[PDB]
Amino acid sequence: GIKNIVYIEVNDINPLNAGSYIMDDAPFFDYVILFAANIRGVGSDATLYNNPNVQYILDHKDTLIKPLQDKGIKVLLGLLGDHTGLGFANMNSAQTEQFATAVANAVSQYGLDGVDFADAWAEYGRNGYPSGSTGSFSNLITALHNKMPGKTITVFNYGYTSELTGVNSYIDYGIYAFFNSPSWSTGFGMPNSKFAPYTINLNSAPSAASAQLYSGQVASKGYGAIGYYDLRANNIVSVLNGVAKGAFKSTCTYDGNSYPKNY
């Protein structure tokens, strides 16, 4: 049961567009990631910051999130560094529990299905924060798991993720971080059934022939997911139908609904 996991840049793209692709009377995509809320060091606090676009979607969850979940799509909050020098991987123990508390609170408050960690753009070490890893990234996954054990946690395989092997039982999926070409390996010791070794950039899209070939390999090699980054509001069905044929022996169709970002 390969899962299709798509990241949506909510600064540009209305997440409802993920619901416009259909394969076998179900949404093509199984997980939608609202990319992204940020971790921000503010003095000695580790903070969760939702920019106006993220916060608008969360404030309008009944119209911008719930319709996806009503279709059976799991909707996750993306988490990304934001240039303050503090990131997932250089926190002390107090900051780790602060950030875990903030994230779990966001998931419960907005009725989300989980979170995705993308350890990018933290600019580790700026503003007096540690320049290297403190080992906090593994403790953060454990803290968050303990606060919300039935919710999904995915990890984009970028940054300090190599440290996560000891905690990987708490991680549902890992996603390969480079686009349009598979790497037949996994990060942080994940089994193949919990990894996407192939991640399609839906903005700078590959050919449908490359998507069908590589997705068929994802399936025949027993991997459990395929990643998709930057679904836009155009009709990208030729690529997704390539995957449907390759990985799912099926087809994917587009319903024509291009949802605007008018907020």
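Counting begins at 1, following the sequence as shown.
For the higher mean C-alpha B factor in the entry, choose 22-30 or 190-198. Between 22-30 and 190-198, it is 22-30.
Higher-scoring stretch by recorded Cα B factor average, 143-151 or 114-122: Looking at the recorded C-alpha B-factors, 143-151 comes out higher on average.
Once the chain's modelled residues are ordered by C-alpha B factor and cut into thirds, is residue 102 in the lowest, middle or highest one? Highest third.
Considering only modelled residues of the same chain, in which third does the CA B-factor of residue 130 rank: lowest, middle or highest? Within its chain, residue 130 is a highest-third residue by C-alpha B-factor, going by the deposited values.
Sorting the chain's CA B-factors, does residue 14 end up in the lowest, middle or highest third? According to the entry, residue 14 has a C-alpha B-factor in the chain's lowest third.
Among all modelled residues of this chain, ranked by Cα B factor, put residue 40 in the bottom, middle or top third, i.e. lowest, middle or highest. Within its chain, residue 40 is a middle-third residue by C-alpha B-factor, going by the deposited values.
Chain-relative CA temperature factor third for residue 46: Tercile = middle for this residue's CA B-factor.
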